[PDB]
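This document starts with one chain, in the form deposited in one PDB entry, laid out as structure tokens.
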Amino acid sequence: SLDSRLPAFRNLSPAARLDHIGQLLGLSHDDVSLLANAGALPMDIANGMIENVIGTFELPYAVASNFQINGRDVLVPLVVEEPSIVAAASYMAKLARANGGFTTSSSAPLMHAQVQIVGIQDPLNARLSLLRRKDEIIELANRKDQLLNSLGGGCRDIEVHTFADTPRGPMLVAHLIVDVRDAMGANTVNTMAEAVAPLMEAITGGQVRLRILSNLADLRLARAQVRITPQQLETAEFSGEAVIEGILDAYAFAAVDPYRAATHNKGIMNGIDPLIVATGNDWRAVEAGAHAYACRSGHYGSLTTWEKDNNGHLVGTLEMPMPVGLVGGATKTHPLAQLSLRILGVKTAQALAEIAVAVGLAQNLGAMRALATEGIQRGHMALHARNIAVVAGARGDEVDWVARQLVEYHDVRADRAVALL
């Protein structure tokens, strides 16, 4: 069984870290070659992915340590540009280990396919006409994709919503509820929506406009739970019971003030989005479903919950839409995306979804723990000290050195870093 603790991983060299990861996972020489050498994404593949390609763009590729999900250790690849993200997530995962790690689950990979109908003077009546013939509609959609049905997916249901008074007149919107298995679902549900559109026009007598997937995938939920004891959060300056209370103060702040909830949820996506990028998935789709879900109640609030249990332990949850894919798009064509999937060892898209929410939950806890105690700057600015040196006017050889002087004076500021003069 795998062991993800990785002692002293933080201070190894990039090549030494890569060698250590290679031995743990049994990666081939070609696998480690893809990360030890630039240009893993070939120009012919890149030119065929998006338009007007003139090259490639690199971001650091990292691994978060200590993660244990449903009793099994996991290494998590992350691709991002911001410091302290990987460190905080590894820290919080380390704390979660002592109490069993993370406990996750997920729903079926259900996606919405919208079919918008206009030009109807009786949208409410047309909705009942569609619901009456729903089996005839579901069958038509499922006969368009026999492979997905053989894989255990397909259209499961239809639901119809009406907007009888819009500025452009009455509107009817039918939702196909489609199990997309291991795909993100975009092209699967868009094709079904195109297939059922003429039948819907005949049933309702209106004009179908949009046939498009919805990114508010509130039926594709992934969940994560975590428990932290007061003893794990004790510092030389704060008691662990006080840290837990401060974290609860920060959670209620996010629940009532959207100015905080936006930043609170941003910290969650600081952990989720790099995993999305590392696996070649669409991070815009994940961000849209996350933040829109955060306002489903009519008030933009926190995606996570934080509570104290009857034992005084800090318990946290994260439940959110998580539409990710193992097949389709850049997940299969980017060789480093396929390597990330092998590093994770995930065998279904839902398994990858559960890892993502576990990381996001850990990320949010890391920001809150720092914010409630010493502040965010002490630990974050220390890992940011190289960039502050480049900003103050050094950057040549005067960098990688005056960063130390900032850290040792516990004063990573541009006003201080310019003490080069």
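Numbering starts at 1 and runs along the sequence shown. Rigid core: the largest C-alpha set superposing within 1.5 Å between the two forms.
Keep in mind the form deposited in another entry is missing from the figure; the text below concerns it.
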From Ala370, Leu35, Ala62, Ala394, residue displaced between the shown form and the other one - CA threshold 2 Å or more, rigid core: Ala394
Threshold 2 Å Cα movement between the shown form and the other one at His20, rigid core reference: no
Core superposition between the shown form and the other one, C-alpha change of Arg404 at least 2 Å: yes
Cα separation of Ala8 and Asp400 in that other deposited form versus here, shift of 3 Å or more: farther
CA-CA separation of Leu383 and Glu408, closer or farther in that other deposited form than in the form shown [shift of 3 angstroms or more]: closer
